[PDB]
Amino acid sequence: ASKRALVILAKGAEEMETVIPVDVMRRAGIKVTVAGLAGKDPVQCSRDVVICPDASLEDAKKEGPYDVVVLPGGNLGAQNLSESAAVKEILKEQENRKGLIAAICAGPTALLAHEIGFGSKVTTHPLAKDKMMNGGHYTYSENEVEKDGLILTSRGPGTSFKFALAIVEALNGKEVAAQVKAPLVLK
């Protein structure tokens, strides 16, 4: 069966960090569900791009499990993810079943909020480092993409392609990732 990805989309999400992974994962033949944190309604992203989610998170979370749960960044988006009990439950379940969790920019700070993957090497946007490192529960990395087992993190809009291709490689292998990469006109 095809792999499945849940992308959790909150108000104030960075739209580039949402769309790049969604699009690249779909190019890889992954079934992606863009799930709205607040419900089924369109979501106003950080730079005012408005995206219509495929489903509410309430509905999508009942259609698990997923091979990856993806958390976009954006400062306000990540704060919304961090404050959500539903996100907490989803991430804890994903961690418990040894499934991949991928987060970019400010996204990884939601891992901290929900006590996910402590002891991992992680990266974040430079401006989100202090929040992520509060308490020293992770070890910090400046790599564009960091993968420590099932915790996959990345830095910012500009590292979104590498982040998305890392998810593809983790799920579908190096060859598929290379096949998907070539038509993107990268490197």
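From 1 onward, residues are counted along the sequence shown.
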Entry-level comparison of average CA B-factors, 62-70 and 47-55, reporting the higher stretch: 62-70
107-115 set against 91-99, stretch whose average Cα temperature factor tops the other in the entry: 91-99
Residue with highest C-alpha B-factor in the PDB entry, from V19, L171, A13, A164: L171
Largest Cα B-factor, entry values, listed residues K129, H137, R27, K40: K40
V185 by Cα B-factor - lowest, middle or highest third of the modelled chain: middle
Entry-reported Cα temperature factor of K31, expressed as the chain third it lands in: middle
Modelled-residue ranking by C-alpha temperature factor, third containing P157: middle
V7 CA temperature factor, ranked by third within the chain: lowest
